[PDB]
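Following this: a sequence and the matching experimental structure.
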Number of protein chains: 2
Amino acid sequence: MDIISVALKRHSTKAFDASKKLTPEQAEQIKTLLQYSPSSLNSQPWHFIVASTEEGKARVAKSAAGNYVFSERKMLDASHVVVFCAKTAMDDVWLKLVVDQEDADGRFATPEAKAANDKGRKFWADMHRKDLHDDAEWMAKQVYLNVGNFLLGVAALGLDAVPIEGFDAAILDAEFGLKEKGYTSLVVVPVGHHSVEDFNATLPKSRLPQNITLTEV
Amino acid sequence: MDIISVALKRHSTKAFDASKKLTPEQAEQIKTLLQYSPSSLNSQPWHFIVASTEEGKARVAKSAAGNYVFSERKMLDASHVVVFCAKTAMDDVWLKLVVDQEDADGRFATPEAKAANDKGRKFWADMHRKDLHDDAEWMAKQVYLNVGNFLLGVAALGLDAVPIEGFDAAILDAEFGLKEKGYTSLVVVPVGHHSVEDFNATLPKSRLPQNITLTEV
Ligand SMILES: Cc1cc2nc3c(=O)[nH]c(=O)nc-3n(C[C@H](O)[C@H](O)[C@H](O)COP(=O)(O)O)c2cc1C
Ligand SMILES: Cc1cc2nc3c(=O)[nH]c(=O)nc-3n(C[C@H](O)[C@H](O)[C@H](O)COP(=O)(O)O)c2cc1C
């Protein structure tokens, strides 16, 4: 439609139709949206677990325990469930994985252009890893950037979704052995189609007036 | 043209056409995208500065100093420059500004439900400020979610934009007297139309293969 209509009609789904699945085209498009999100320095400090099977989602919903239990039925009833992960540290091999891939895609005309882009990227990586000591919080911010991108992208595809912070990230890091590969769960986003028990599909949307949140200068 | 064509054709603009400005409809649409972004608990832990005048951009461009001087020129040539700000602490009055706004929009059928909604939001807010002590970083992540949704929304509006971390947020907090109001600069996003000197408009996009970043389960 209009991208403003999409932003105004999308909502966090509270109940999913377990009968409605993603089309096989949609199942690949959402993978495109995770991949092609922008990131600072093109660092791409992230990993995704896309659970489509009942066996794989039951593994994710293990994280909806304790205080987060009202999040399990959303992870189980949705068609596909995306887990957004962030790197736990920025290492030079990942920095090298990015520039060597930028080179493979023809972003550099000469090797010397590749080395100044490699060197300049480490100038600002080091300002996070070595100086401010905040590369973990920094990389976690780029993954949230991807979520906002992803939530409006699956909405524009005609899909319902909910972002979830109401999950145990220690349980979900363990189930998929994430900490040892160098990642951490941040947001879990189930995607699919809502059901009649989605009570939020029948409510109006609320936001604060721009006269509170926005300043024109 | 779908949202996947948009996600694949958008780019970070490195040079803007200073003659190409946003239409007055576009200038209100980008304001909607900032307002209607989703947030955890609908906390909306945000503030935006939209600079459209030459003085207003030049005040923002004050933050492009030192190591960030190569950012000044984008902030000046763009049509509109949006500064994304995050709250420095989650206060109980803001939580109530939200509950009271959800009520005014008719999201509650009874007063008891408004108090249970209030009760649920403080159970989870206190888990950030009082238990985990990370509400400042928690709230900064929702702002980064908004940026990621903002970038893909203006792309679908037909606009070129660049997200910026290369700026002094202490200069930019001071220039707008933000720190005393309870806010901090995070990302600066100039929006508009690119110029021929945008070297990034003529390069291919690069992302890591899904076989490295993505796991299907
Ligand atoms: C980072 C983040 C985490 C969220 N976590 C949850 C969650 O755990 N459970 C839930 O029901 N909704 C969750 N939401 C959805 C918000 O409650 C919702 O976006 C907010 O009320 C705005 O409503 P909307 O989705 O209709 O725009 C989350 C949203 C964000 C941005
Ligand atoms: C959080 C964030 C901060 C960024 N800051 C800058 C910046 O300071 N200067 C700049 O030239 N580009 C900046 N970028 C743009 C990145 O270089 C760009 O997203 C990356 O190269 C991916 O390329 P793409 O925008 O064409 O998809 C930033 C991007 C993000 C997501």
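Thanks, I have the structure now. Numbering: from 1, shown residues only, chains lettered A, B, ... in the order given. Ligands and ions are numbered 1, 2, ... in the order given.

Only C-alpha atoms from now on, for both contacts and neighbour counts.
Fine.

how about the residues of chain A near ligand 1?
With Cα under 6 Å from any ligand atom as the criterion, chain A comes near ligand 1 at residues A:11, A:12, A:162, A:163, A:164, A:165, A:166, A:205.

ok, and the closest non-adjacent residue to the third one?
To tie it back to what came earlier, the one meant is residue A:162. Excluding its sequence neighbours, the residue lying closest to residue A:162 (Cα to Cα, 6 or more residues apart in numbering or on different chains) is residue A:12, at 4.3 Å.

next one: the last one
The shortest distance from residue A:205 to any non-neighbouring residue, by Cα to Cα, 6+ apart, is to residue B:105 (7.3 Å).

how about the one you found, what does it touch?
When contacts are counted by Cα atoms under 8 Å, 6 or more residues apart in numbering or on different chains, residue B:105 touches A:204, A:205, A:206.

Could you write me a PyMOL select line covering just the buried ones among the residues you listed?
Typed into PyMOL, the line below selects the buried ones among the contacts of residue B:105, using 16 or more other Cα atoms under 10 Å in any protein chain shown:
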select buried, chain A and resi 205+206
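
Which ones among the contacts of residue B:105 map onto helices?
Secondary structure assignment by DSSP state H places none of the contacts of residue B:105 in helices.

Out of the contacts of residue B:105, flag the one nearest to ligand 1.
residue A:205 (5.8 Å; Cα to the nearest ligand atom).

Touching, residue A:206 and residue B:99? I think so.
No. The criterion here is Cα atoms under 8 Å, and residue A:206 misses it with residue B:99 at 9.6 Å.

So which of the residues of chain A next to ligand 1 belong to strands?
Judged by DSSP state E, strands contain none of the residues of chain A next to ligand 1.

Tell me if residue A:185 really is in a strand.
Yes. Applying DSSP: H, G, I helix; E, B strand; the rest coil, one finds residue A:185 inside a strand.

Touching the host helix or strand of residue A:81 from outside, list them.
Using DSSP states H and E, residue A:81 sits in strand A:80-87. For strand A:80-87, the surrounding residues in contact (Cα under 8 Å, 6+ apart) are A:21-22, A:27, A:45-53, A:57, A:75, A:136, A:139-140, A:143, A:147, A:182-192.

Figure out the length between the terminal residues of stretch A:40-54.
35 Å (Cα to Cα, to the nearest Å).

For that stretch, list every residue counted as buried.
Quick answer for stretch A:40-54 (16+ other Cα under 10 Å): A:40, A:42, A:43, A:44, A:45, A:46, A:47, A:48, A:49, A:50, A:51, A:52.

repeat for stretch A:175-186
A:178, A:182, A:183, A:184, A:185, A:186.

close to chain B, is stretch A:35-48?
Yes. Interface with chain B: stretch A:35-48 contributes A:35, A:36, A:37, A:38, A:40, A:42, A:44, A:46, A:47, A:48 (Cα under 8 Å from any Cα of the partner chain).

Pull out the buried positions in stretch A:76-93.
A:76-90.

Just list what the following helix or strand past the strand holding residue A:81 packs against, helices and strands only.
Toward the C-terminus, strand A:80-87 is succeeded by helix A:92-104 as the next helix or strand (DSSP H and E). If contacts are counted by 3 or more Cα pairs under 8 Å, 6 or more residues apart in numbering or on different chains; DSSP states H and E, helix A:92-104 sits against helix A:111-126.

so residue A:143, which of the three states?
Using three-state DSSP, the secondary structure recorded for residue A:143 is helix.

Tell me which residues touch it, please.
Residue A:143 touches A:45, A:46, A:84, A:85, A:86, counting by Cα under 8 Å, 6+ apart.

still on that earlier bit, and the angle from the strand holding residue A:81 to helix A:92-104?
110 degrees (axes from the mean of the first three to the mean of the last three Cα atoms, to 10 degrees).

so what strands line up beside strand A:80-87?
As defined by DSSP bridges, the strand partners of strand A:80-87 come to strand A:46-51 (antiparallel), strand A:183-192 (antiparallel).

okay, that strand in CSV with CA atoms only?
This file holds the C-alpha atoms of strand A:80-87, laid out as CSV (Å, rounded to 0.1, in the frame of the first residue of the first chain):
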residue,chain,number,x,y,z
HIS,A,80,8.1,-18.6,11.4
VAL,A,81,10.0,-17.3,14.5
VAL,A,82,13.1,-15.1,14.1
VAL,A,83,15.7,-14.8,16.9
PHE,A,84,17.8,-11.7,16.6
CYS,A,85,21.4,-12.2,17.9
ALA,A,86,24.2,-9.8,18.4
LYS,A,87,28.0,-10.4,18.6
